């Protein structure tokens, strides 16, 4: 890559919580982000902007593949759209993120040069989002209401804390480039957090950044596996009712084993902050 240290950080952050995230949830943020003797707002500003910024980073990355857009032209779009987001995160608990954003805007000798710079920093901010999504205290709501049987690839999903294991197939002929990439990042262990809005689903931020085409997408089948590129290269498992691309599905027999993992990854995300880890592997 153009800056190797970021990949080093990426590898450490799938296993460990970023010191930055640590400082924000604790209220140790330097420059005391927050107004009137509280830091909750600054924390809400940290989680939101790191997420949407991530979404922008990812779309800018997709944009960097379009050759109907100049490389310096894309440089300008980033130079316009980025500082308003980076500078604030610099002040609100995301300083090193700023320095790298200043770096993606540096002149690229190759279209590949920007594309790689984006992908590293995107994945780095996408990890940061994931951890931010893990620790934000959403528990204040007060607010109470086809294919080929040959191309299915055998995979195993496991939650060490829960001790639950499931088998599943990845359809490598429905979304070909998408499955290729996810497969290449298998085996991986990541954190498993819950979906706070759409419903009884969960997602885990995969260790990849793919702009792969998504010709086959579906309604957001119990135990469905879907990969959301736009929202952070997340692998998504559906243990209940809640259009995203389809990677495959957990076997109907181990479909009943998801429910207790659903409750435990919902409490993982809502109240406990007690990590549920997901390992995906190829059998």
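Basically, rigid core = biggest C-alpha set you can superpose within 1.5 Å across the two forms. Positions refer to the first chain, counted from 1.
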| item | value |
| --- | --- |
| Rigid core superposition result in 5 other deposited structures of this protein, more deviant of 108-116, 126-134 by Cα | 108-116 |
| At least a third of other PDB entries omit residue 154 | no |
| Unresolved deposited residues lying between neighbours residue 145 and residue 146 | 10 or more |
| Unresolved deposited residues lying between neighbours residue 213 and residue 214 | none |
| Segment of higher mean CA temperature factor, 203-211 or 180-188 | 203-211 |
| Of 170-178 and 132-140, the stretch whose C-alpha atoms average the higher B-factor in the entry | 132-140 |
| Top Cα B factor in the deposited entry, candidates 49, 220, 251, 222 | 220 |
| Out of 123, 99, 82, 109, residue topping the C-alpha B-factor column of the entry | 109 |
| For residue 57, the third of its chain into which the C-alpha B factor falls | lowest |
| Residue 90 CA temperature factor, ranked by third within the chain | lowest |
| Where the record places residue 235 (Cα B-factor, split into thirds across the chain) | middle |
| Chain thirds of CA B-factor: placement of residue 29 | highest |
| Assigned third (lowest, middle, highest) for the C-alpha B factor of residue 244 | highest |
